Each structure stands twice: as structure tokens, then as C-alpha cells.
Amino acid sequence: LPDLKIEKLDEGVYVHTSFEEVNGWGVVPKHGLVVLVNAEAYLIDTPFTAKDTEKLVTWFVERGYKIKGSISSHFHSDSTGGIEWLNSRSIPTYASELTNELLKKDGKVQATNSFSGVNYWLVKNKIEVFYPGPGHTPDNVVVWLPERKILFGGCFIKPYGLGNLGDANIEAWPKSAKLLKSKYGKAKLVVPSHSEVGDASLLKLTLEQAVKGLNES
């Protein structure tokens, strides 16, 4: 397995990339973010595992940053894998109410703090959370960074294929993807979980793939 990767994407914004072999998928890359505010750091999705979450946190703490919190974009373990270890270290963990419920049903440890509704501020005017409706999973949310115009789409952004449909709502995904295109068309950078960073076009491509996936069912 390739090592945890951490790259500067923009000023105060980093992409972390972790890797896990998944049956019927091979080695799966997973992108998340670290967002820097003053001398504080926010995890946008945890890596797959506690070890890599520890590795990631250590890298930033070692640079003089405090980890103020982590937000998980959906319940799957490529977003939540690290919640246990963070909780154990009293670092505040965030996820939607839906996400927390699905983690519970799945017999997984939940995030300490939750939220619900359409729009949520994790940090006022710096880190916004938006729930477009079901798609890749019932609970998938996106994270918007206003200053830099960066959107983390998580596993909802699927420009070339929908990927793992095990917990997908193919019926709702096109509608959800339309609402996401309307609101965030002004994004400079769009960060998918499982493919590379693109511009606002990735929103359109996601919509087409959702529509195409529905037609096929």
C-alpha cells in the first residue's frame, strides 16, 4: 500500500490521500482535506484508518497547528475511519445526524457533535457544510470553502463513473446533483474523494453520470 500523501492544494488548504484495498475495487485512493485557520487545523474527512489519522494529525501538530476538529462527509469508513481515535484523543468530531445514525446502525463509533438541515457552518464564513440530498449515500454532504472557492464533494462527486452503489439512491442522485450544480457553479476547484481535483466542470459531469446511472437501472 502507498503511504499517506499530503499535498498543498492552495493557501491554507491541503489534500490528504490514504489508501486501502477494498474487495472488488483493488487499492482505493481516498482524498480529504486539511483546512488551516490561523494556527488551527480542520480535518475534512478522516483517512481510512486510525493509524493514518494519527499520522495526519501528527504532521500538522508537528508544524505547530492545533487540530480543532474533523468533519466526515458521509458514513462510509473512507470518511469516518479515524473518528474512534480522534474521540479517544478528545479532538472534537463532527458529522450529520443522518451520518451518526448510519454509523450507529452499522455498529461504528459516532462523531461527538452532530448537525442537521441543509446549510451548516463549521467555522462561520470559513467552512460551510451543505447537504444536497441522497446520492452516493443517503447522508452525503459537501464542504465549501468561501475564501478560496474550493468545494470538497466527497464521494458524491463522481465525474467518470458512479463507483460503489451499495448504499446509493440512484432515484434521488440526479435531483441532488442538480441542486449541487446550481449552488456551486462558481467553484474554482472541486475535490472528489476518488478522482483528481478538477474545476466546476466536475459538477456537470457528476450530473450526467447520475442521470446515466438512473437510465440504466
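All residue numbers refer to positions in the sequence shown, first residue = 1. Between two forms, the rigid core is the largest collection of C-alphas that superpose within 1.5 Å.
Colleague: Core fit done; bigger CA RMS in 4 other deposited structures of this protein for 49-57 or for 26-34?
Modeller: Comparing 26-34 with 49-57, the one that moves more in 4 other deposited structures of this protein is 26-34.
Colleague: Tell me which stretch has the larger mean Cα B-factor in this entry, 65-73 or 157-165.
Modeller: Stretch with the higher mean C-alpha B-factor: 65-73.
Colleague: Which is higher on mean Cα B factor in this entry, 179-187 or 28-36?
Modeller: The recorded data point to 179-187.
Colleague: Based on the entry's values, in what third of the chain does the Cα temperature factor of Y42 lie: lowest, middle or highest?
Modeller: It falls in the middle third of the chain.
Colleague: Quick check for you: using the entry's CA B-factors within this chain, is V141 in the lowest, middle or highest third?
Modeller: Its C-alpha B-factor belongs to the lowest third of this chain's values.
Colleague: Comparing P132 with the other modelled residues of its chain, is its CA B-factor in the lowest, middle or highest third?
Modeller: Middle third of the chain for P132's C-alpha B-factor.
Colleague: By its CA B factor, does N125 count among the lowest, middle or highest third of the modelled residues in the chain?
Modeller: Within its chain, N125 is a highest-third residue by C-alpha B-factor, going by the deposited values.
Colleague: Quick check on the deposited entry: does the C-alpha B-factor of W59 sit in the lowest, middle or highest third of its chain?
Modeller: For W59, whose C-alpha B-factor we compare with every modelled residue in the chain, the answer is the highest third.
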